[PDB]
Amino acid sequence: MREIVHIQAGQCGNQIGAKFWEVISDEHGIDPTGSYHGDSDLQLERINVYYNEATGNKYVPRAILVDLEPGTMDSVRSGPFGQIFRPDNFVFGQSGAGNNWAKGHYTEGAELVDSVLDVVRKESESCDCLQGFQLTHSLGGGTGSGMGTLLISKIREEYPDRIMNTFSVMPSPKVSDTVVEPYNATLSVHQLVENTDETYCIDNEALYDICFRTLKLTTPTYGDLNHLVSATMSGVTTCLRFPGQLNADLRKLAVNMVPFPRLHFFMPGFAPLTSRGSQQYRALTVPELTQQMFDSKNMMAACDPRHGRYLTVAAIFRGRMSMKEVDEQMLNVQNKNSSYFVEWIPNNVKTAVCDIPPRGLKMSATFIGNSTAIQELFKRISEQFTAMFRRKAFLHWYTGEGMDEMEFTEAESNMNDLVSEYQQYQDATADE
Amino acid sequence: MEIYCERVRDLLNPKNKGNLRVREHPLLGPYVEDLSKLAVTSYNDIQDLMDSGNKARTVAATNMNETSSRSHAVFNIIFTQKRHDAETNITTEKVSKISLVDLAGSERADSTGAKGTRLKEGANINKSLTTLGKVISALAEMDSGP
Amino acid sequence: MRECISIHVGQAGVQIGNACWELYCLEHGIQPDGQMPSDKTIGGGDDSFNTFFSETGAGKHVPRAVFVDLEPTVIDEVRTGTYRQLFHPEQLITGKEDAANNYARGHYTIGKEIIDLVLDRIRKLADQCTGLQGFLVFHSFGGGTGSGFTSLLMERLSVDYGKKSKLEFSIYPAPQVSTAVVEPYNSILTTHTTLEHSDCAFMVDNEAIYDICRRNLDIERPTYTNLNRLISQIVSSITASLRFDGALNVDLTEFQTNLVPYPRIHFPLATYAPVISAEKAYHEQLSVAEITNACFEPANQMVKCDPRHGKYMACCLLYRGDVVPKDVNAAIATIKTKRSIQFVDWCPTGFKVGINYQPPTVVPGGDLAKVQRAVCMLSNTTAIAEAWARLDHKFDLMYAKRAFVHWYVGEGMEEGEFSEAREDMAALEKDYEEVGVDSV
Ligand SMILES: CC(=O)O[C@H]1C(=O)[C@@]2(C)[C@H]([C@H](OC(=O)c3ccccc3)[C@]3(O)C[C@H](OC(=O)[C@H](O)[C@@H](NC(=O)c4ccccc4)c4ccccc4)C(C)=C1C3(C)C)[C@]1(OC(C)=O)CO[C@@H]1C[C@@H]2O
Ligand SMILES: Nc1nc2c(ncn2[C@@H]2O[C@H](COP(=O)(O)OP(=O)(O)OP(=O)(O)O)[C@@H](O)[C@H]2O)c(=O)[nH]1
Ligand SMILES: Nc1nc2c(ncn2[C@@H]2O[C@H](COP(=O)(O)OP(=O)(O)O)[C@@H](O)[C@H]2O)c(=O)[nH]1
Ligand SMILES: [Mg+2]
């Protein structure tokens, strides 16, 4: 059986994980107390992917919560689903990172990492056949970047064979909330490019754009953004939990997506989106989902896919639909926009279908694209990084915690090399 | 130094369970941090160091060779010339680096009878060798073209 | 006694097996639970025929089949489905992840640790048999399991049993539509086992059957169930001669004697002529000449290749129902008269004919109409190569840059093993371009 271990670090990761757990639970039918109150019999068939049994016919999620500030832990416990988690998995400290990558990675995180790893070993030992991990965090912050990177490094050292994923919120181009975002983002990407096996790039600006233009909300809050991200996270790994006509394990997605080891950054997407009060106008079907799925406005990465080429793409459908319609639509999309697909991969669309759609959605589709245009994002950070490293704007805060300029230089060089690789394929011609 | 499975291990340094980090000096390029760099003054010293290094290397048997190598090996010599004509010349004029590299042999898996840990070592060796072939081909094409 | 063993590997094989065994259970009057009430009403006969079913003491019939996969989902659909009481509980799941579209995982690392159980189950089934005739393996190119584990299993079977026939039905990649970006690697690697160990391999493509469903059957949104039902009809027509009485009967050895002029030329195509909806079933006589002329139509081929670009080297016709030898002789003469169908000079006869009395059955909730006469053609042509050539092109376009190669190398494969296979494939294609050159 395929068991997944879930880790959460920092304010952003913890809130996303809380909303995500509030979702999966409904999909499988779990009350906030833990007892099962459902209708179908397929919901318990594969519940062990995420949940562990407990003696009173109870289910406890296989999650780990990490921070260095008790405030977020208190907020999560004092909530609708606070009592579902195991208390022993609430690992935390005091005197948080303070938006400093050095404090998170070297000074403060180095004390709590041992306890976090002990909990991780205990959780992974009980699994029958572990599949992989997944971790949610924010790169622009403190605690999240440092402790997530340290945990990723340690876990990769200990479990070299299994899959590692990451759902990371990157710094946005214009909507900014921390003055030293570029240092943390660069130092985090320098390690993410090496250690993890997949990465999905989320941007707050894209989510706000979707909420205001597509969903037509008036006062979006972080709850809705967490909703979107949770929807995507649940849709990615559906085929481990429900039967279908074409299954797609995480490893299969990894093999079909990345052509080379260093290019494992993806743009996610979800369809459909009717904004309500206009559901009665749109006819839901397969071509409509495909039309909405490949559109640029839908992307959550805040980067235009029209400025590059799709290295490859994967689509996971959920519903009861015909295979010919799916295959015809993917072929049509490939043939119509022939300029935006790389030419030395003869077919670069992976397809999967599952029979059980979401609670109230006769159909749904998830999208994982791998395109060169993502380089734009990295370039932005790199530019800003230079603008603050040429004069050493806020460097002393890092150097007081045990770092040196060499670390910054090598991180900048590594990200620039990543940008150069992605740019090597972006231009047309190339061919044979 | 040796490369076993994407980890650098020192040989002259005695039993040290930890690995050695790889860092890039901005001007001098890649290198490895805390490599036990040892001086020499007699042929006996370097001979004994070479014997100890070969002894401590990781080696395993297989169908293709009774004593095969499970790790790439790199031997490096740093040599300094000091011209000390006190009237005119200065010392430490020339510094030179000599590198001697022994690579692991491509594993065919089924023909070698690999199994368990040996198979994973063979897989890592093959990955490294394929990467080496790709760079070599790319660099050759690049220099040939321009 | 005439006996066969069926092996289904991978998701495609298991689903095709579901459709097949539904058809077989329907044909002989066996309920899903294995009981056969008609014996109490009939009072005699061996209608619980030994070609596919073994009879226990209490009257229950258990099929001669082995299901294999490296993930639990697809078989767990069967363990709790309608036919949960038909099969033996030994279904051979791997309690681990799947090959993940990786040939190396399915042949070297994860493909083992379950091969021994499969061989033991097959050994028990073959030992229980008395007069085993052959194996029918169902798999699919382009899948990790269906390529790698099929290769390993076929190699072991050839080493172990040796002289028994080994047919093979497979889903070949389509020219344009596809569901994986690493299909060509898997197919080209799988070339070796189907070339060397298999005795006769039949090819099927999804695009061809989609077109047939669209035009003949008038289904605008078909799914895999229709595909599997059609393939099951073809396989049943092939195997029917072992079961029911007929005027002219053909064993598996006859197929392997008349369709393979040389050892390395054993890749024929298969077609089924009367595919027609119930609404269009009227307005048409569906006589022998019509159905046998429908076989040679290029639009009814089950693989997207044009037979007109090559030459026909051999043909087997299998008739079911109310058919008379006078009509089939006249049909053969008419087909020989036409010029569009070209026969190689060194095969003056060309045709083999078999006739069976049992007409085809109709599944409830199906799409094919009830018909009185049915035909299955197995033709050995030199048009196949064309399809292979297309696939080869795709492989080259990805192998010039070594894309996706590190995934294969990290699981025990060596790089050079790619190139060898490609060259091997080139050799087969050239021998299908010389066997047809006109003699001088
Ligand atoms: C009444 C109705 O059916 O209307 C739809 C609806 O209008 C739309 C707009 C829904 C609606 O979603 C949003 O408005 C939204 C707001 C913020 C962030 C993200 C979404 C919907 O709220 C979301 C809701 O989705 C679900 O309930 C899914 O089953 C989904 N739900 C969750 O994510 C979830 C959240 C908390 C707790 C439990 C589940 C799901 C998916 C996989 C597995 C389990 C659940 C649906 C269909 C609708 C409404 C209600 C309007 C959409 O969302 C989903 C996930 O279906 C937005 O894009 C889709 C397209 C739908 O047409
Ligand atoms: N005709 C037909 N083809 C199918 C069916 N299901 C899957 N396929 C084909 O199978 C190919 C995918 O490979 P699979 O056969 O699923 O490989 P697998 O059995 O899943 O093995 P793994 O990939 O390791 O899980 C696709 O190209 C499909 O065209 C089916 O029900 N009918
Ligand atoms: N999507 C999303 N982003 C958030 C949320 N809360 C904070 N953020 C983002 O997280 C960034 C700050 O990271 P932070 O959580 O403080 O990192 P930490 O201090 O190490 O835990 C800001 O740029 C915010 O935009 C949330 O609930 N959802
Ligand atoms: Mg499968």
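Using ideal geometry, Cβ is built from the backbone for each residue, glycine included, and neighbour counts are taken over all protein chains shown. Basis: the model, the stated rules and, where named, an outside source; none is laboratory data.
Brief remarks on what is shown
- Test for C:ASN228: is it of a type in the set (S, T, N, Q), within 14 Å of chain A (Cβ to nearest Cβ) and touching a residue at least 24 places away in the same chain (Cβ under 8 Å): yes
- Filter result for C:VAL66 (assigned to a strand (DSSP E or B) and either more than 12 Å from ligand 2 (Cβ to nearest atom) or not assigned by CATH to the domain that holds C:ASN18 (or both)): yes
- Tally of residues being in contact with a strand residue (DSSP E or B) (Cβ under 7 Å, 6 or more places away or on another chain) and facing chain C (nearest Cβ under 10 Å) across segment B:90-127: 0
- Segment C:390-405 residues that are crowded, with 17+ Cβ neighbours inside 10 Å, paired with ones that are aliphatic (A, V, I, L, M) (beta carbon under 6 Å, 6 or more apart): C:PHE395/C:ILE188; C:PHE404/C:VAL182
- Condition broken by C:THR257, with the remaining ones in (1) assigned by CATH to the domain that holds C:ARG215; (2) in contact (Cβ under 8 Å) with a residue 12 or more places away in the chain satisfied: (2)
- Number of residues in segment C:306-320 that are within 17 Å of C:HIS266 (Cα to Cα) and assigned to a loop (DSSP other than H, G, I, E, B) equals 2.
- Taking first residues from segment A:281-298 that are of a type in the set (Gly, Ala, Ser) and partners that are more than 16 Å from ligand 2 (Cβ to nearest atom), the Cβ contacts under 9 Å between residues at least 6 apart in sequence or on separate chains come to A:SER296/A:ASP304; A:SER296/A:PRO305; A:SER296/A:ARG306.
- Residue within segment C:188-195 that is away from chain A (no Cβ under 14 Å), in contact with a strand residue (DSSP E or B) (Cβ under 6 Å, 6 or more places away or on another chain) and either in a loop (DSSP other than H, G, I, E, B) or buried (at least 20 other Cβ atoms within 10 Å of the Cβ) (or both) present: yes
- Residue match in segment C:98-105 (condition: over 21 Å from C:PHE418 (Cα atoms) and either more than 16 Å from ligand 4 (Cβ to nearest atom) or in a loop (DSSP other than H, G, I, E, B) (or both)): yes
- Boolean, C:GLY144 is assigned by CATH to the domain that holds C:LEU195 and within 25 Å of C:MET413 (Cα to Cα): yes
- Conditions (1) surrounded by fewer than 15 Cβ atoms within 10 Å (Cβ to Cβ); (2) touching a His at 6+ places or on another chain (Cβ under 9 Å); (3) within 14 Å of chain C (Cβ to nearest Cβ): number failed by A:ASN370: (1)
- Considering A:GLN191, A:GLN245, the condition of being within 14 Å of another protein chain (Cβ to nearest Cβ), within 16 Å of ligand 3 (Cβ to nearest atom) and crowded, with 17+ Cβ neighbours inside 10 Å is satisfied by A:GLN191 alone.
- Of C:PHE67, C:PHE53, all but one fail to be away from ligand 3 (no atom under 16 Å from the Cβ) and in contact with a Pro (Cβ under 6 Å, 6 or more places away or on another chain); the exception is C:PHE53.
- Residues being at the interface with chain A (Cβ under 9 Å from one of its Cβ atoms) and surrounded by fewer than 16 Cβ atoms within 10 Å (Cβ to Cβ) - total across segment C:78-120: 2
- Sole residue being out of contact with any helix residue (DSSP H, G or I) (no Cβ under 7 Å at 6 or more places or on another chain) and within 14 Å of chain C (Cβ to nearest Cβ), chosen from B:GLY145, B:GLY53, B:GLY133: B:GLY133
- B:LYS82 within 14 Å of another protein chain (Cβ to nearest Cβ) and at negative phi: no
- Output for segment A:125-145, where each listed residue is within 17 Å of the chain's Cα centre (by Cα) and away from every other protein chain (no Cβ under 14 Å): A:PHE133, A:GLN134, A:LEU135, A:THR136, A:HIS137, A:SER138, A:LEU139, A:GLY140, A:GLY141, A:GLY144, A:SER145
- Residue in segment C:42-61 that is within 14 Å of another protein chain (Cβ to nearest Cβ) and assigned to a helix (DSSP H, G or I) present: no
- One residue from A:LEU228, A:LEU263, A:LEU284, A:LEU207 being away from chain C (no Cβ under 14 Å), under 28 Å from A:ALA411 (Cβ atoms) and away from ligand 4 (no atom under 16 Å from the Cβ): A:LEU207
- Hits in segment C:45-79 (condition: over 21 Å from the mean Cα position of the chain (by Cα), of a type in the set (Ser, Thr, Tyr) and away from ligand 4 (no atom under 16 Å from the Cβ)): C:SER48, C:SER54, C:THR56
- Among the conditions (1) within 16 Å of ligand 1 (Cβ to nearest atom); (2) touching a strand residue (DSSP E or B) at 6+ places or on another chain (Cβ under 7 Å); (3) within 14 Å of chain C (Cβ to nearest Cβ), the only one that A:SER40 does not satisfy is (2).
- Top-ranked residue in segment A:383-423 [being acidic (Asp, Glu) and within 26 Å of A:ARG262 (Cβ to Cβ); ranked as surrounded by the most Cβ atoms within 10 Å (Cβ to Cβ)]: A:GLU412
- Identity of the residue in segment A:217-259, part of a loop (DSSP other than H, G, I, E, B) and without any contact (Cβ under 8 Å) to a residue 60 or more places away in the chain, that ends up farthest from A:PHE133 (Cα to Cα): A:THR218
- A:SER168 vs. criteria closer than 16 Å to A:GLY104 by Cβ and either more than 16 Å from ligand 4 (Cβ to nearest atom) or touching a strand residue (DSSP E or B) at 6+ places or on another chain (Cβ under 7 Å) (or both): yes
- Looking only at segment A:324-367, and only at residues there that are charged (D, E, K, R) and more than 7 Å from every other protein chain (Cβ to nearest Cβ), the one that is farthest from C:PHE395 (Cα to Cα): A:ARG359
- Residue that is nearest to ligand 2 (Cβ to nearest atom), among those in segment C:145-161 that are under 15 Å from C:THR191 (Cβ atoms) and away from chain B (no Cβ under 14 Å): C:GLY146
- Condition broken by A:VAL189, with the remaining ones in (1) touching a residue at least 24 places away in the same chain (Cβ under 8 Å); (2) in a helix (DSSP H, G or I); (3) closer than 18 Å to A:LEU228 by Cα satisfied: (3)
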